[PDB]
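Coming up is one lone chain in structure tokens, specifically the form deposited in one PDB entry.
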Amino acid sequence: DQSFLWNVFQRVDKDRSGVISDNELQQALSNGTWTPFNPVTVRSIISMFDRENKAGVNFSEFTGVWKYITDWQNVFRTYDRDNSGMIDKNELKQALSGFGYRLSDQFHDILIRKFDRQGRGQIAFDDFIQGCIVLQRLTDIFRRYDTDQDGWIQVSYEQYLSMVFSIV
């Protein structure tokens, strides 16, 4: 529904420039905890859909942003079974298993610790997205190196440095 998305775009694009900036997108997003939507997550989302290195999305690009965030909301709403604004370790295990990840139970505690900005041992919507984006990017890199598909990689000193340099 382009007519619906256009009216949304106009309300988010507060400076009426035709480009939604990081700050404009952040102000339009709720993370369900009454704190600012994780600005790293916002930057990740804008960068994924901005095809012009302009630190923002135009209307065509925003239609993708809106579907992306809506799809994420639908996943999170499914697994936040108590409507608390955060999913717990068991719910995170189910959600990531639904994406196809193969992760030990104990690694889910590591993931929550790494990405939960609230510090309560559960994970809110904005931090959930960011953790999943990172997990996909890191797993993609591992899949490239694991050419024998055994779950293990072997790398030299300089291969390891180059691998880290590709990450950060």
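If you superpose the two forms and keep the largest set of C-alpha atoms that fall within 1.5 Å, you have the rigid core. Only residues modelled in both forms are compared. Don't overthink the numbering: it's just position in the shown sequence, from 1.
Another form, the form deposited in another entry, is not on view; read the next lines as being about it.
A displacement of 2 angstroms or greater separates the C-alpha positions of residue 83 between this form and the one not shown, with the rigid core held in common. Core-superposed comparison between this form and the one not shown: CA of residue 15 displaced by less than 2 Å. The rigid-core alignment places the CA of residue 160 2 Å or more apart between this form and the one not shown. Residues present in both forms were compared between this form and the one not shown after fitting on the core; consecutive runs of three or more with every C-alpha moved by 2 angstroms or more are 81-85, 156-165.
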